[PDB]
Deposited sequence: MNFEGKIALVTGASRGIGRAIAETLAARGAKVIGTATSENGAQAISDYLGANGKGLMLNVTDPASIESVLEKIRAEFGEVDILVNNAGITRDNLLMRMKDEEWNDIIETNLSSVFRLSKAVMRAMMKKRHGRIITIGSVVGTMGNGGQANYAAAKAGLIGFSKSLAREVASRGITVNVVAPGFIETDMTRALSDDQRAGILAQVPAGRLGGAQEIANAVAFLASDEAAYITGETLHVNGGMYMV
């Protein structure tokens, strides 16, 4: 139960992000989910109803981050739980990877974690309590051909999380990563390609967005106060470390 907690979930329009937002809300938290457009934000406001609000946010833009946080502080208060879910992909074999494909991935998937974390850190340190959870990926640990950029950012946020974790652990704040394997999403939703995927998963199936949300909710709860600088893999056995 998160009664009295304020949670910020970036990229909460659908799939994993939305499941996370709905789950925290269903458990008593006041949730602020974000999208890159005003309409996408409004749609989040629509489903969260009285348990939260949707706001437009660009994790690559310093002014946007500052604007959203002020709005959150004026209507709800300080963020207790930060879930960095915003992310994108720009696949290509190295030789075909554009400088922009690399930079956009680093900025959106890695630098965003730095920016959002620093932005909520202060209040958590004062309150001597907080949760920062970033959605990584199995790719960050095993790497993947054609996704060197995505893997760099996903592996990068782990090193960041470990360092930040060491800086704020004594003040009741945990910093962790939930690394999903293949998750059933609109994209994976025609049938010779799904089986090429299932073949890599011992569980024999794709994970559900709600399954990632359950793991996030666990780490965000008071039941995981002694877990920090840790990566929780949720991949059906696709990879094991």
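By the record, the deposited chain contains unmodelled runs at 1, 191-192, with no C-alpha atoms placed there.
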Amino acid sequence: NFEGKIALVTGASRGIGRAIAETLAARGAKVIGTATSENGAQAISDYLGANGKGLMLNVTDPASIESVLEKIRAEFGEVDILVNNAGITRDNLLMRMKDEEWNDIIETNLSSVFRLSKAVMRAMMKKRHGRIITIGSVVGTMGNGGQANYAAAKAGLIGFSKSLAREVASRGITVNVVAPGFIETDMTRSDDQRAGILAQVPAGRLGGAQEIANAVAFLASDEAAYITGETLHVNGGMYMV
From here on, numbers count along this sequence of modelled residues.
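In this entry, 70-78 has the higher mean Cα B-factor, the comparison being between 109-117 and 70-78. Just going by the entry, 208-216 versus 50-58 on mean CA temperature factor gives the higher value to 50-58.
In the PDB entry, the Cα temperature factor peaks, among 175, 187, 44, 179, at 187. Based on the entry's C-alpha B-factors, the most elevated value among 135, 158, 151, 97 belongs to 97. Compared with the other modelled residues of the chain, the Cα B-factor recorded for residue 124 ranks in the middle third. Per the deposited record, the Cα B-factor of residue 141 falls in the lowest third when ranked against the other modelled residues of its chain. Residue 89: CA B factor lies in the highest third for its chain, per the PDB record.
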